[PDB]
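Chain naming follows the written order as A, B, C, D, E, F and G, and within any one chain the residues start at number 1.
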Amino acid sequence: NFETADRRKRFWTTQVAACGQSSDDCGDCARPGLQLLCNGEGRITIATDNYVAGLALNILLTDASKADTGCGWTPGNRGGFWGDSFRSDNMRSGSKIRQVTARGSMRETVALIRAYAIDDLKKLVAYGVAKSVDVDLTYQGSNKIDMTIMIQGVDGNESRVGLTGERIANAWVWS
Amino acid sequence: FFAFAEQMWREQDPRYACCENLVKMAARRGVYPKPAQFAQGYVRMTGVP
Amino acid sequence: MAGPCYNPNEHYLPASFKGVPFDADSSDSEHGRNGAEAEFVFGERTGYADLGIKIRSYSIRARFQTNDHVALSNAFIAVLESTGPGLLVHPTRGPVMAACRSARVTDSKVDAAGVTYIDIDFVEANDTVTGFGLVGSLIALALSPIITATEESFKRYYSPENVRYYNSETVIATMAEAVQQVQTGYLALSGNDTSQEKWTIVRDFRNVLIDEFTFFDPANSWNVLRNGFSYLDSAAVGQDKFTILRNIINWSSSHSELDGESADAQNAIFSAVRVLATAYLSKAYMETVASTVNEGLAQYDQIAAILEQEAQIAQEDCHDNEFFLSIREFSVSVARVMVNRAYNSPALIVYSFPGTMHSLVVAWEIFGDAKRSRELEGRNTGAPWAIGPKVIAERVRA
Amino acid sequence: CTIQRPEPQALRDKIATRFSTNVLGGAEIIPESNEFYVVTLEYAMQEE
Amino acid sequence: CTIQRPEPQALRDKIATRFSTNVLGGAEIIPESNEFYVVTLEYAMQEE
Amino acid sequence: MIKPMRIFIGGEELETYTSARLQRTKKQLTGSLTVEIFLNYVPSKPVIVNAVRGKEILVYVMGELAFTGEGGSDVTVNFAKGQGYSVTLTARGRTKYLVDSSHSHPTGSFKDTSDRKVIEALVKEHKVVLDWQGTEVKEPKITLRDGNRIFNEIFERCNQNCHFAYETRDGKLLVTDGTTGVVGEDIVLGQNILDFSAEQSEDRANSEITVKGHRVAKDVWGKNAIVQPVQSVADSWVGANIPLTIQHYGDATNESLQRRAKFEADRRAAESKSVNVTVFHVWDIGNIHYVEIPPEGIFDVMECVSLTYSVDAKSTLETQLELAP
Amino acid sequence: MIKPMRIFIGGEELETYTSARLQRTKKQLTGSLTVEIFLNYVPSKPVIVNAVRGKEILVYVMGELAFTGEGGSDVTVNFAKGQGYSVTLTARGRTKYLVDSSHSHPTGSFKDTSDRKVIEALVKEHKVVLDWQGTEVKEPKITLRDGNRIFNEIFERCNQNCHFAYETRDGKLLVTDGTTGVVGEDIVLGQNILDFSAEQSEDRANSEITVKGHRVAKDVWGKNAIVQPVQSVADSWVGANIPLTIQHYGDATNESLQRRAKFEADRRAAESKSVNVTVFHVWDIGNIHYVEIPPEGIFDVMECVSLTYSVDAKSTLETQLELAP
């Protein structure tokens, strides 16, 4: 039969700047969301490109379960997602980058923020979407702080032979 | 090689194929061997109702 | 470390246990892996076998220096002695659940007054359910539910003693034909068998058909139909049953042309046989290796269509609501297995070679053993000397 | 014969398999993707 | 009676023994010599 | 690694079998099994209890069936003040009930039938499929002892006709007069052996065996049914004089006398050359293997009589054999 | 502390019992005891040796009587080149002579009496006080086997009439058909247990038991005394089919058949639910206790079947129980 045997499809994917960017006196920020694609006779449709990039946004922009404190939290904002009690992979969804607290000089706080970012995006390797991830964070002044996230993808069809590691599963998104 | 080619042709002809192969081909044309049979008849039995 | 730019407070996490902070002073761990090294006798070669991961262990030492160190130390011990395991923030290994196993508290009044040391010995402890194993199964189908469901439907309508009298003969004649179809199938599968049970089964089939009153009872009719299929299924294993079952499904696609209740008594035979044949056909597909993902899924679609047709018939006018539910639930169960087999049985993948190559060379390059080339014959077309340039092979899972 | 209210875990798996087989063509449901939230919302409406 | 397709290892050894006995007079096949490549090529033709 | 041993109980896999052990013996009527399972308990919290006293148990060794219980025949919950708290399980062959049930025969005495047609009417009260491949024998008289177990009577009747009675790996009952003929491995010393222990005991051999027994035919009596039926069979491998005499429990026939004599000869011969072997990493019993132990000079074909798979939490896999020629 | 266990022999207290062990079981005819003693010897100096092979022995556990001999049933003197030199004693119940004496009955065959009137004339040759509390049964034919021990006959006869025969803590012989009814304690997990090791087993249960046996009375002989007296009793707790059949050793009567049939049922039922508990610090067997083992969900009343007090000079003072429902 035709070599195009992989029948797996791809669903919607959140995209950066889907709903434009919101500007302010401090700077310009993207406003991610779903994307609508239009045909020549109406018949709008959702976009599904950049699967891994869309998945990464979901991990970062969602609060995870907050650690117990001994004083407690209101039931509304304990964090997390009620759907995580059904999954079997033994992990919890969301991130915790927003739960940092000002400790010591600003240099220490930034270093801790980087630690959480790696500890959250590390889940990407566990699912098998990407084979490696690393974040580089630079502190060059009081206000200007930059962070860059690098995600390593793979091609759909194996080409190389004799890999030290393993071919990541769920690689049909080729990213 | 000549013998192998000829032998694997002989194993596909009804009048030379092996016993196991013969039945497999026959099953593909609606012909099967006859199984064993059991005797049969009628018996009259009498007794008090 | 390298360079004078170290900030230990920035690289070591603050210790804790069950939420109560404490000051750490050391950090150790013990990992490993269980082996079964064996050395033969008079031989110059040895062996080995990996049979699982080894349970970890952690050890920490804590120091107290603040005024009233006894109250803090004497109050932290009450947390270690608490029941059950709890979260532990290892200074270097990050959060992990453990359970204290011992603790030695050292103190003095003349040698060292004002400082209390405590050595701890933790152990990894992952929660486990109490049912000593209830993992689900995803390697076989469940035919007991559907078969019992079919029995309920068949018994409900098929009643030759209540149909109008000038149609009982036709209804019974149809039942005799249905059994005959199973008889023909069985005789074809076991052609080369010569056991002592084949004679008995053949005699049983002959006796039932010869007798005339056997089919006047719904209980007798159902039992013969169900048992007859059981012998058919166990006659052979694997691809041998594909043609036999497909023929039976073909015969059971007809619909009755009588009227009123008499039609139901006849459609019941057709519907019951087709559902039973489809269920057993699915089990047959489960006993063979999927040659290709595309082929494996094509086999599944051939089944879902048949089951879907039966569901519509059983729900056309609320003819049998309960049967409709049973059919629908069975179909999703079939999908959960058929899709898994196609996509994950050998876990096939497509490769991209730079050109056509021999089967032997392809096997050696990918796996590392030319003797495995036998597997590539069934999945890739092309001559053995021209396989490529895209090859379908198995996943390497070193 | 009797059919009763299904249990939670046995219920969501039915939805996830049905959703995956028909819509995504057998693709696995990767947690935290959009399809993950679609599946869980669908189950919620089912249990209510 | 039935004769079927031989297995790889059982087939390569048959060629090596035949080649060694009728050409090299019982001498062993030293790996990486020219006879080693001749024997394996002969087996390849046999299997294809 | 690809699991070289998997177990099922009623279709739900056992993922916590901290140890295992399987056995299959040709000199008995049912195999066995034993599994140790870790169990937990949290005070003041719910616990789910199965306590299955009966259900099917299946064991697959390296992707191959190796046992068919029916299962959960025993349930004991060990417990300790120290080390830990666990559970144990046990199982046996499908014919378990024959091994532990008194016969409920319709009448209790056959008129005139064959052994096969008798074993069918005994076993089939419990729906255990028979696997017969031996030669049929005609017995003018049979009368099962009242209340005697199924195991006793089948074993008793099959001893005088040189029928082995043992289970297969699928859940049947196999009666055979010889080896299954499935050729196995060439167990060679220095290649795969780990230990061995040969033996040759003279206290279980006899050069000449004698049998006696009366006839019970429709009309036989006098000298033709009292003194006439005597037959002698000799081994000739033992070079000494160790006479033995046996009494026959049944309808003596000159052909049946020798068959009982041969059965004893095979039993005694096997018992005088028992061997043990351990082969480290983990097909069936009755197979044919070649062995090589030059130190004692074993160069003879062997037929395996028993098999055992054992595992441990500390990776120690093994396997044992009880070969005999 | 106030001595929680005191021993007495012949009225002179034992002040050097370096270890002790007392056992009492409901499934036998006599308890047992074993007391270890320390002995000395000064070379070339006088020594006084008792070596009394028989005298009364008494054990009081925490100000209460727990065992009546009779005593000194055995004496042995261990010895070693190293560790030391000691002496070990042993004792049993007052019926120690019944369990080891062949009956010397006046004639050897009763005409027509009851079981009670037979037990009295059998055991009263050795001056053992009977303690009867069961129901009297009338038998037309009794003939005690010639030379059979007292232990065999009483155990045999009481089994057919469903009577438990065991000794009390005072020196009597108690024949009972049930529990003493003395409500005991509530052995709850997490308060006093150390180990329980509960168990279940399917190899010692049968769903249907059948009995048979002829009749002996003068007026009944023939069809009514050969094929008529057959009765069946079923358990209904076993969910499978494990038939059993038994023969009655006596004058079969329909009432007696069920009595024997139910006796087997109670014995088989108990053997399938044995428990072994340990309760650390140191009343009687057959009592009624409550138990609680949520891990396997024991929430059922229990009757103790055995008791054992064991002590040692270092780190041992414990008790054991063998419950059954």
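One rule holds for everything that comes next: a contact is a pair of C-beta atoms (placed from the backbone, for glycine too) under 8 Å apart; a residue touches a chain by one contact, two chains touch by 3 or more.
Asks: Spelling it out: a chain qualifies if it touches subunit C and also touches subunit D; which chains qualify?
Replies: Per touch definition, common to subunit C and subunit D: A.
Asks: Nearest whole angstrom, what separates the Cα centre of subunit F from the Cα centre of subunit G?
Replies: 38
Asks: If you average the Cα atoms of subunit D and of subunit F to get two centres, how far apart are those centres in Å?
Replies: 50
Asks: Averaging over Cα atoms per chain, report the distance between subunit B and subunit G in Å.
Replies: 70
Asks: Please compute the C-alpha centroid of subunit C, do the same for subunit F, then give the distance between them in whole Å.
Replies: 34
Asks: Give the residues of subunit B that touch two or more other chains, as numbers and ranges in rising order.
Replies: In subunit B, the residues touching two or more other chains are 20.
Asks: Give me the residue numbers in subunit A that touch at least two other chains, ranges are fine.
Replies: In subunit A, 7 touch at least two other chains.
Asks: Got a list of which chains touch which?
Replies: Every pair of chains in contact is listed here: A-C, A-D, B-C, B-E, C-D, C-E, C-F, F-G.
Asks: Under the definition above, what is the set of subunit F residues touching subunit C in their complex?
Replies: It is residues 1, 8, 11-16, 37-43, 46-50, 87, 132, 189-195, 280-281, 311, 313-317 of subunit F that touch subunit C.
Asks: Show which residues of subunit F lie in contact with subunit G when the two form their complex.
Replies: Of all residues in subunit F, those touching subunit G are 39, 41, 43, 47, 49, 51, 53-54, 72-81, 85, 97, 100-102, 104, 126, 146-147.
Asks: Of all residues in subunit G, which touch subunit F in the complex?
Replies: The touching residues are 190, 194-203, 206, 239-247, 294-297.
Asks: Once bound in the complex, which stretches of subunit C touch subunit B?
Replies: So the residues of subunit C touching subunit B come out as 187-188, 191-192, 198-199, 202-203.
Asks: Considering the complex alone, what residue numbers of subunit D touch subunit A?
Replies: 8-9, 12, 23-28, 30-38, 40, 43
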